[PDB]
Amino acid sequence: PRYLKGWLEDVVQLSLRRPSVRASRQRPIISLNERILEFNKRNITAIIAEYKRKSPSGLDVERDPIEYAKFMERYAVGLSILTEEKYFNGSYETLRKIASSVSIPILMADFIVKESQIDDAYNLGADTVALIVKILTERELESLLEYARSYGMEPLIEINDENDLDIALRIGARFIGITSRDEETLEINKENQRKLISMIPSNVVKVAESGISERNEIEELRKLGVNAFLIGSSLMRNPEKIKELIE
């Protein structure tokens, strides 16, 4: 991975030693990006509901994962399940249980730095993964992207700055998440997010991530070309809010 500092350096070191899982996968992959495009053609707001019990920005809740997933199944275009353990209180069992309980596409969200973590996502029933430009070298990102596609997944390539965007387009990303949160510092910058969104080709499926709580922001971003919206904290604290956000 890249050389990092602070908590990101720690979580990458932890991820490098993550024990892999063994399991026979049951259901073919169903594509999250393709379902997003279908929602766009149907003019249905496409929200990826994220399940995470804890976060570095201070979320700390207990909520049953299956009841959350089954509720979101009716409304969300997909789910994003945190599997990182130390900072997000996620687990592989959580992903396995959710994936086996719903029929909508599932993204495994973690700090992926080795191929076995992609194996883990597949073997646990996820349909895709996030890959984070700012923790990986360009060579690693190219290699892990090809590896994920070899399973039939189209990973969400996460970007936060213009360097990240240059790498993401260079390596052939077709599904990009534009996060307004700098994961190192937790700083939110929506202006920079919008600038990056305006710089992405039309044919890349774009997901706006982080700090989203209100329908009017979703509406503004959709007008700018965003195809789907990753929403975690607001839904973890009031799940029913998704109904208003998709109205």
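Position 1 is the first residue in the sequence shown; the rest follow in order.
*Asks:* Averaged over C-alpha atoms, is the B-factor higher for 180-188 or for 22-30 in this PDB entry?
*Replies:* Here the higher of the two C-alpha B-factor means belongs to 22-30.
*Asks:* Can you tell me whether 218-226 has a higher mean C-alpha B factor than 47-55 in this record, or the other way round?
*Replies:* For C-alpha atoms only, the mean B-factor is higher in 218-226.
*Asks:* Could you check 83, 143, 128, 116 and tell me which one carries the biggest Cα B-factor in the deposited entry?
*Replies:* Answer for 83, 143, 128, 116: 143, with the highest C-alpha B-factor.
*Asks:* Once the chain's modelled residues are ordered by C-alpha B factor and cut into thirds, is residue 152 in the lowest, middle or highest one?
*Replies:* Top third by C-alpha B-factor.
*Asks:* For residue 166, does the deposited CA B-factor place it in the lowest, middle or highest third of the chain?
*Replies:* For residue 166, whose C-alpha B-factor we compare with every modelled residue in the chain, the answer is the highest third.
*Asks:* Can you work out whether the C-alpha temperature factor of residue 138 puts it in the lowest, middle or highest third of the chain?
*Replies:* Top third by C-alpha B-factor.
*Asks:* Report the third (lowest, middle or highest) to which the CA temperature factor of residue 100 belongs, ranking only the modelled residues of the same chain.
*Replies:* Highest third.
*Asks:* What third of the chain does residue 123 rank in for C-alpha temperature factor, lowest, middle or highest?
*Replies:* Tercile = middle for this residue's CA B-factor.
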